[PDB]
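One structure is given here, and the rest of the page talks about it.
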6 protein chains.
Amino acid sequence: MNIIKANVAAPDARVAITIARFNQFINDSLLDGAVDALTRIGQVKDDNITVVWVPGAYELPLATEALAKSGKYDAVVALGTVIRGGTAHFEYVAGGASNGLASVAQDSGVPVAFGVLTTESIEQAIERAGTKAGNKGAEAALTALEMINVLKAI
Amino acid sequence: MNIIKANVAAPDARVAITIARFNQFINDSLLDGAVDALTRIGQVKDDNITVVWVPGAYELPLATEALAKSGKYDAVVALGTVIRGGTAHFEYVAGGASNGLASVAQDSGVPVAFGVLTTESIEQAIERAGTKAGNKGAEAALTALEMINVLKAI
Amino acid sequence: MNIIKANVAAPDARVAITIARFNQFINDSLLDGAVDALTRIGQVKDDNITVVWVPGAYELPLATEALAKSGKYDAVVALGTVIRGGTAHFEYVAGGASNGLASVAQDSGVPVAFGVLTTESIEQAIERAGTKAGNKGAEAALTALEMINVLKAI
Amino acid sequence: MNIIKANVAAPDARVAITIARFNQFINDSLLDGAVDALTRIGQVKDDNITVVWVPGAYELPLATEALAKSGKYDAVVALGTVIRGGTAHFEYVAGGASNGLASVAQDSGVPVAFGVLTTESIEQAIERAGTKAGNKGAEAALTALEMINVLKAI
Amino acid sequence: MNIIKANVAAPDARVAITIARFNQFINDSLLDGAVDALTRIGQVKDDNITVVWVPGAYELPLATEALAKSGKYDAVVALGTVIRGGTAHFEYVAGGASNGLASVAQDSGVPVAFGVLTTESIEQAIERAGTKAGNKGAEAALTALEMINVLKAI
Amino acid sequence: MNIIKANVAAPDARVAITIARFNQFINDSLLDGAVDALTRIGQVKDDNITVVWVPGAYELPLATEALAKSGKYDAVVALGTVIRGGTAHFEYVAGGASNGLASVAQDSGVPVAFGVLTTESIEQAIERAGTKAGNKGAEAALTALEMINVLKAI
């Protein structure tokens with residue numbers, strides 16, 4: 001009975017990170033984690049890493065869509081934070097972002113890593129941006145790499 | 001390691017704004033903000049700015065879809081307010097509006113700026129229409145411009 | 001009837017930022033915002049940007065006074081955080097800082113941007129240092145540039 | 001992009017300390033901290049350190065003004081404690097003291113360090129006079145030195 | 001009666017920093033503080049500063065032990081954060097870390113600076129990583145330098 | 001200024017895992033995580049992985065001590081669970097185990113990874129054995145590898 005377990009190391013890869021600058025106070029750490037992950041762990045040569053700042057998290061799809069359709073990249077890591085406010089604006093951003101990104105991956109066949117924090121408080125976001133609950137940035141980066149290989153293995 | 005940071009200035013652009021006239025009391029300020037942003041900040045020549053009033057916010061997609069498929073515009077800024085009422089009508093308007101718009105952008109490759117307020121009270125809308133919490137109109141306008149360049153940079 | 005609306009782009013400008021290192025955990029993001037604002041948005045060439053770290057926020061005036069009297073700069077952005085403690089020390093720091101800076105601008109005719117957080121909690125400061133409520137750093141930077149032009153227009 | 005970070009060491013400096021004798025039980029430790037800071041850390045030769053006792057904290061300005069107009073000193077450290085009492089006397093002392101001092105620095109161009117405790121209780125003053133919350137004396141002394149260099153660097 | 005007061009300036013020194021990457025969101029500021037302290041204050045030439053990232057805070061001892069036994073360094077600054085969780089895991093990490101480090105110093109005769117935050121909340125860690133309660137990174141760095149001299153003075 | 005960041009890949013390594021069979025219901029997943037980590041991520045050839053079952057978690061030290069003194073291994077990963085009961089037996093097990101292990105590492109210079117759960121409830125242990133809070137097994141395994149390299153880099 002045959003099995004596929006992939007590895008996160010994948011040096012000959014070219015990876016794109018899309019970050020939202022809104023909330024960058026958090027997103028910065030989110031990046032640091034991802035970049036480090038990519039290079040130090042997945043052996044990515046850091047001139048194959050390209051980083052694209054879009055303004056809001058809402059833009060992440062369009063941006064990563066471009067990058068995937070480009071064919072220039074083996075996977076896109078999508079980094080952002082969306083913290084809930086007084087209105088249901090939170091709902092539609094994080095929604096049209098989750099689904100936007102998921103769609104892009106499904107059509108382009110390129111892995112997209114969902115490294116978007118969707119919290120209730122600034123507190124929680126800090127917790128997932130490189131503290132108690134690890135670093136969703138580095139985590140999304142890793143799941144990106146593994147995915148490259150997982151796919152490549154078919 | 002290469003990076004893309006875009007700028008909001010983009011004078012040779014032609015931009016389309018779609019506004020819902022329902023709730024115009026708020027949407028009017030939403031516009032003023034956007035228009036000013038576009039011209040004063042993004043250097044847009046104001047005969048490249050075209051403004052399209054549709055009746056409800058629910059119509060924003062169809063209207064912007066037309067504009068994007070037209071190819072005549074580099075980006076569409078979508079302006080509107082949807083305040084929660086006694087029924088779940090609020091849900092389906094803001095929903096089919098967030099997703100409608102998000103889709104149009106994804107297919108047309110044209111950036112669509114989601115400057116649609118989705119509040120609980122008239123109070124909250126006023127807060128986001130050019131007071132305490134800035135002006136989502138001008139903000140959506142800016143994210144539109146930055147996106148033009150962000151894309152252009154690939 | 002004649003009107004003056006200025007723009008935030010002003011590339012041939014030389015700008016000075018004064019930062020307090022006390023509370024730098026927050027002030028760092030405050031900076032990043034401002035710097036990015038200046039260059040990416042206001043087209044400032046980054047060797048016309050000079051950054052001066054003073055120890056406490058209380059020192060911001062004297063420091064920016066020097067810079068303005070110097071005439072070497074078109075405007076000074078003042079960055080710092082002052083969080084309220086158990087004593088009224090908070091009052092006199094933020095006071096002697098608001099008024100110190102405001103005075104310097106008034107005598108030197110050089111614009112001084114008041115990008116000093118004055119919060120009740122660490123929580124609030126984080127909110128204004130590049131999260132929910134934007135980035136008072138980049139905001140102060142922008143109001144600086146706009147001012148340059150607003151003045152220049154007379 | 002050019003930056004100014006200063007150092008606290010500045011041996012060839014001549015510094016003046018003005019202390020209020022009222023509340024000396026606290027102010028004494030306030031001094032010790034400062035003096036030690038100055039010499040041991042900032043390398044100040046202790047015959048360039050001069051110490052001036054005024055009676056109340058209210059007098060700190062006039063005294064430091066003299067010293068700064070004198071030109072004999074590179075900076076003045078102002079040490080004192082003002083604890084809140086039953087009346088609003090507390091308000092006018094700490095007020096006319098914060099602003100007096102701040103003004104002197106602004107006109108004389110000489111750095112003045114605001115090492116005046118402004119507490120609600122004797123308890124709080126003890127906390128900032130060389131216990132849990134460090135020593136505002138030595139802290140004011142250091143911010144003085146750093147300022148000397150920060151200025152000198154323009 | 002003879003006395004030893006040391007200074008924090010010690011330029012001809014070679015210093016090693018060991019940081020835990022877990023919780024780096026905080027540890028990053030912890031570092032910045034220390035590095036700045038070292039160079040700007042203690043006059044350390046920044047090619048004599050070496051920085052070693054270990055994964056967990058639990059590893060700090062072993063890593064600093066190596067560095068001290070090496071003899072290549074005059075002191076090691078140990079930076080990390082340990083925030084309390086739902087289990088007593090917190091106890092054994094911070095414990096085996098405090099004692100690990102303390103032991104290494106005692107055997108190697110090399111100063112080891114304990115700049116490890118041991119808090120109850122993310123909130124508290126932020127407070128000690130360069131805000132209200134200063135920067136334990138820079139503070140640990142300073143106590144490192146002073147120690148070098150304190151020892152050297154016997 | 002020179003820096004050491006290590007990688008978790010280290011294929012030519014020979015690693016020993018010590019597991020306590022008490023509580024194996026949890027420890028089993030703890031292992032699976034570690035083993036997978038080692039091979040799949042750190043490229044360890046799985047005949048260089050040796051696994052040693054000791055009865056209680058209290059024994060983990062003695063067992064790993066032997067293994068490290070043996071010199072046959074580059075690092076030992078210590079896996080086990082200690083859940084708090086009605087008595088303070090919990091205290092002495094987890095204590096004599098944290099310190100035992102930490103000591104072994106310090107004397108043998110071999111890295112020892114502390115992958116011992118120290119929880120209050122069975123619930124919490126399950127959370128850290130490959131669910132919400134990841135898998136301390138695989139985490140301990142990774143910190144082992146990274147350590148090998150971190151040390152090798154001096």
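We read in the header that X-ray crystallography, 3.6 Å was used to get this structure.
Backbone N, Cα and C atoms are what each Cβ position is placed from, and that goes for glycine too.
Per Swiss-Prot, the features are:
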type	residues	note
BINDING	A:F22, A:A57, A:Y58, A:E59, A:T81, A:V82, A:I83, A:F114	5-amino-6-(D-ribitylamino)uracil binding site
BINDING	A:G86, A:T87, A:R128	(2S)-2-hydroxy-3-oxobutyl phosphate binding site
ACT_SITE	A:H89	active site, proton donor
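Structural mapping of features recorded in Swiss-Prot.
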residue: A:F22; record: 5-amino-6-(D-ribitylamino)uracil binding site; DSSP (3 states): coil
residue: A:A57; record: 5-amino-6-(D-ribitylamino)uracil binding site; DSSP (3 states): helix
residue: A:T81; record: 5-amino-6-(D-ribitylamino)uracil binding site; DSSP (3 states): strand
residue: A:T87; record: (2S)-2-hydroxy-3-oxobutyl phosphate binding site; DSSP (3 states): coil
residue: A:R128; record: (2S)-2-hydroxy-3-oxobutyl phosphate binding site; DSSP (3 states): helix
Neighbour count (Cβ, 10 Å) for A:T87 ((2S)-2-hydroxy-3-oxobutyl phosphate binding site): 20
Spatial neighbour of A:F22 (5-amino-6-(D-ribitylamino)uracil binding site) that is closest, considering only the recorded positions A:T87, A:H89, A:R128 and their CA atoms: A:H89
Of A:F22, A:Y58 (the binding-site residues), the residue whose Cβ has the fewest other Cβ atoms within 10 Å: A:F22
Cβ neighbour count within 10 Å of A:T81 (5-amino-6-(D-ribitylamino)uracil binding site): 29
Length of the line joining the Cα atoms of A:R128 ((2S)-2-hydroxy-3-oxobutyl phosphate binding site) and A:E59 (5-amino-6-(D-ribitylamino)uracil binding site), in Å: 22
Subset of binding-site residues A:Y58, A:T81, A:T87 within reach of chain B (CB-CB under 8 A): A:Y58, A:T87
Inter-residue Cα distance where the pair is A:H89 (active site, proton donor) and A:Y58 (5-amino-6-(D-ribitylamino)uracil binding site), in Å: 11
Euclidean distance between Cα atoms of A:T81 (5-amino-6-(D-ribitylamino)uracil binding site) and A:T87 ((2S)-2-hydroxy-3-oxobutyl phosphate binding site), Å: 16
C-beta crowding around A:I83 (5-amino-6-(D-ribitylamino)uracil binding site), within 10 angstroms: 20
Rounded distance in angstrom between the Cα atoms of A:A57 (5-amino-6-(D-ribitylamino)uracil binding site) and A:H89 (active site, proton donor): 12
Among A:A57, A:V82, the one of these binding-site residues whose Cβ has the fewest neighbouring Cβ atoms within 10 Å: A:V82
Other CB atoms within 10 A, centred on A:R128 ((2S)-2-hydroxy-3-oxobutyl phosphate binding site): 23
Alpha-carbon spacing, A:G86 ((2S)-2-hydroxy-3-oxobutyl phosphate binding site) to A:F114 (5-amino-6-(D-ribitylamino)uracil binding site), which is rounded to whole Å: 25
A:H89 (active site, proton donor) and A:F114 (5-amino-6-(D-ribitylamino)uracil binding site), distance between Cα atoms, whole Å: 20
Within reach of chain C, those binding-site residues of A:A57, A:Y58, A:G86, A:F114, CB-CB under 8 Å: none
Binding residues A:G86, A:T87, A:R128 ((2S)-2-hydroxy-3-oxobutyl phosphate) - maximum C-alpha distance in whole Å: 23
Recorded 5-amino-6-(D-ribitylamino)uracil binding residues, A:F22, A:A57, A:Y58, A:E59, A:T81, A:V82, A:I83, A:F114 - maximal Cα separation rounded to whole Å: 17
Number of other Cβ atoms within 10 Å of the Cβ of the residue listed as 'active site, proton donor' across all protein chains: 22
